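What follows is a single structure, written as C-alpha cells, with notes after it.
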Amino acid sequence: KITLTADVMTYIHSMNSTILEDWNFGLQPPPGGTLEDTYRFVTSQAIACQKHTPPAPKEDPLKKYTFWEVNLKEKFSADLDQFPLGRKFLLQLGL
Amino acid sequence: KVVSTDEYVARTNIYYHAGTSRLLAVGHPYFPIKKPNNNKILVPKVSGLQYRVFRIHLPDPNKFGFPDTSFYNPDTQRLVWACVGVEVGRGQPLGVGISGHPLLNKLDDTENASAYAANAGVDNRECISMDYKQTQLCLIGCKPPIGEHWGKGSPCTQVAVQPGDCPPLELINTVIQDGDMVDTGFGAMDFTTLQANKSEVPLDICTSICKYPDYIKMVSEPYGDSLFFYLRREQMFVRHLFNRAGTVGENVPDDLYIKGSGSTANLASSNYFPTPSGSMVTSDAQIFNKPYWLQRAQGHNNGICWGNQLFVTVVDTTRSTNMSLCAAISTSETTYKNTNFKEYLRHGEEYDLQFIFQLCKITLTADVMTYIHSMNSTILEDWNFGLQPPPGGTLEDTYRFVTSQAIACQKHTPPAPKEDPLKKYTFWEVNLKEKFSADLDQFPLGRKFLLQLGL
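Protein sequences appear in the order of chains C and H. Residues -19 to 75 (this note's numbering) are what the first sequence spells out, left to right. Residues 262 to 716 (this note's numbering) are what the second sequence spells out, left to right.
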C-alpha cells in the first residue's frame, strides 16, 4: 500500500506520471466542506452510478515492440502450500 | 433502507399556531351553473360529497424572521415545519342532503311483486332520489392523497369489440383533487365511461367519477409522505331494490332455471341494483371539531411538512342538507300559481382549520443530504446554501470566496420563481405564511394542546 500525500504523489508523478493517471480516485466527501460543496459532491457522485460504462481502454505505450505476453490476472493464489515455490519460499522465510 | 424522520430530524422547543379565519363555499348540490353558450361558471357545484382538499402553505422556517436564532446553526442545518396538532372546523348544523335523477334507469320494484312485471317499452326510466352512504373522513400528509376506482382499461388486440359489448375493467389510481366525488354507495368508477346510459345514477354523479382513498397503497408507501394521519367513518344499507331497464348484455344460463310459460315465458331482467342509504347522523358520531395529536405515526415521515406544504383532505356528509329556495315572479295573484315561482337548490359548507407546528432543524451531512435527495431531490434544491468561508482553505480559495461572496450583494434580485409541480391539479389553496403565532394561549387549540401536553 502507499499512503498518497502531496510530496508523495508529486515524487511519483515526477518519477513516472502514468502510475497515478492509471489509478482511479473515486470522488470523495470533502471533510467539513461547505454544505454547498458536499451537496454538489453528492449530486455528481450520485450521477456517477448511471450504469454508463464507456471507459475507453488505454493503448499499449510499447505497442511498437513485441514480446512474450503473459497474462496472470487469473493465476493469483494465497495458499502457496499448494505450490512448490510457495512451499520453498514460505518455509525459506519461515514466517 | 428508509428511516423515521426522527432519525435525521431534530425537534425544537418551539411551537407555533396557525389557522384559517373561516372558510365558506356555496353553490349547486348537483352541478355547476354556467352560461348556456359560454362556460364561465356563474355558480359552482357544491355538495357535501365533494372531496375537500387543502393545499396548506406554510412560511419557510429558514426564511422566517425569528426573535432568537441561537437554538440552531444555519451553517450546519436547515429548518423544517412539523405539524403536531390539527382541528377541523365544521360550522354548518348537522343535516342530510339527498340526490337523484329525473330519468334513472329504474325498471321496477324487485323488492316484492304481486304478479310478473310488464314489458319493456322504451324510456321506462323515472325520477327518483335517495340518501347516499353516510361518510366522514379526513387525512393529512405533505403529499396529496391518491384515490382508486374503476375504469375502462385498455384491452388486447383481438376481437374488435362489438358495439354494446361489455367493456374491460381496470383499477385506477389518481390524485384526489378538490371537489371530486366520494363513494355514494355505488362504488368507485368512471360512471361517464362505464355507463353510456347516462341515467344509472343521480345527476350530481352521473357524468363524474366516484373515488376512494387507496388507503392500502398510501400506507404501502415506504417514506409514507402521502399521509401520516387519518380516520374514516362510513356506513350504509339497502333502501330499495330495483331492476335495471334495458337489454340483456349477458344471458342467464338456462341450466339455472326452468323455462317460463305464458306471462312468465319471457324472462325479466336479472340485472338488479339497490338504493343506498346513509342512516341517521348523530353528534356522538361526529369526527370533526375535535383536536388531533400527531405525536406518533406508524409511518416513516412524522408530520414533516416538507417544502412547507400540507395536505388536509376531508369528507363529511353529516351536513349535506341543501336548502330549496324559491322566488316569485309577481307579487300579485292571491292564488298559488305554479308558474309564479322559480325553484332553486343551494347548499353551503362551513370550514375552519387550525394547527400546531413544532419547529425542527436538520444537521446536513453527506449521508444525510444524500438520503434526503434520494428521498426527494427538491427538498434540498428548494433550500438555499449561501456560500460560506472554506475552513482553513488556501488564502486563494478564501479570497475568491470573498470576491464572489462580495459580488453577491449587488442588490440584483432576479430570482425566477419556480413552478407549481402540480399546477395540473387544483384544490383549495390555504396561505398561512402570515398566520403563525407563538402565544398559543390566545388560541383554543393552543390552550388545549398546550395544557394537554402540559409543558
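Every residue gets a Cβ at the ideal spot worked out from N, C-alpha and C, and that includes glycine.
For residue i, which residues in chain H fall below 7 Å Cβ to Cβ?
i	result
C:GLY12	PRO652
Closer than 9 Å by beta-carbon distance: list the chain C residues that pair up with residue i, in chain order.
i	result
H:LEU625	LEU15, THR18, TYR19
H:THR631	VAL22, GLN25, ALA26
Excluding the 5 residues preceding and the 5 following residue i in the sequence, name in chain order all residues of the same chain whose CB lies nearer than 6 Å to its CB.
i	result
H:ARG494	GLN397, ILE548
H:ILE294	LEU303, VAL304
H:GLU604	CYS587
H:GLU431	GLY412, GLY414
H:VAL345	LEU555, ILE617, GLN619
H:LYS679	none
H:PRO429	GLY414, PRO416
H:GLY446	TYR393, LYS394, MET497, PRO537
H:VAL347	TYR553, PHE616
H:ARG313	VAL575
H:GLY356	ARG580, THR582
Please report whether the beta-carbon of residue i lies at a distance below 8 Å from any beta-carbon of chain C.
i	result
H:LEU648	yes
H:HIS634	yes
H:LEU714	no
Could you give the residue range of the beta strand (DSSP E) that holds residue i?
i	result
H:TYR277	271 to 280
H:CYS471	471 to 474
H:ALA286	284 to 288
H:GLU495	490 to 496
H:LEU432	430 to 436
H:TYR553	552 to 554
H:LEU648	Looking at the DSSP string, H:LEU648 is not in any beta strand (DSSP E), and its letter there is neither H nor E.
H:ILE302	302 to 304
Mind pulling the chain C residues with CB within less than 8 Å of residue i?
i	result
H:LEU641	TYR19
Only counting the same chain, and skipping five residues up and downstream in sequence, which positions put a Cβ closer than 8 Å to that of residue i?
i	result
C:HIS(-7)	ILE(-1), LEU0
H:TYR377	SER524, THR525, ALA529
H:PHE452	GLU461, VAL462, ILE466, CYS467, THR468, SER469, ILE470, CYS471
H:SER540	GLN395, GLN496, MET497, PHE498
H:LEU364	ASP384, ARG386, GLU387, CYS388, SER460
In the DSSP assignment, find the unbroken alpha helix (DSSP H) run with residue i in it and report its ends.
i	result
residue 78 of chain C	The requested residue 78 of chain C is not part of the displayed model; chain C covers only -19 to 75.
C:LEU60	First-last for C:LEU60: undefined, no H or E at that position.
H:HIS634	627 to 636
C:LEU75	Neither: C:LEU75 is in no alpha helix (DSSP H) and is coded neither H nor E.
H:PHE452	452 to 455
H:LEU693	No alpha helix (DSSP H) holds H:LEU693; DSSP gives it neither H nor E.
C:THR(-2)	-2 to 2
H:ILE466	464 to 467
Using C-beta distances below 7 Å, list every residue in its chain close to residue i, excluding the 5 sequence neighbours before and after it, in chain order.
i	result
H:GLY485	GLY560, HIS561, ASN562
H:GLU372	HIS501, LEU502
H:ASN583	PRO290, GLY358, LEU606, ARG607, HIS608
Does any CB atom of chain B fall closer than 8 Å to the CB of residue i?
i	result
H:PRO474	Chain labels in this structure do not include chain B; the protein chains are C and H.
Complete runs of the beta strand (DSSP E) confined to the region 306 to 372 of chain H [at least 3 residues]: 313 to 318, 338 to 351, 360 to 365, 367 to 370
Inside the region 560 to 601 of chain H only - beta strand (DSSP E) runs reaching at least 3 residues: 572 to 577, 584 to 589
Which ranges does the beta strand (DSSP E) cover as unbroken runs of at least 3 residues, wholly within the region 376 to 423 of chain H, from first to last along the chain? 387 to 391, 395 to 402, 407 to 413
Report the residue ranges of all beta strand (DSSP E) runs contained in full by the region 500 to 540 of chain H; include only those spanning at least 3 residues, in chain order. 533 to 538
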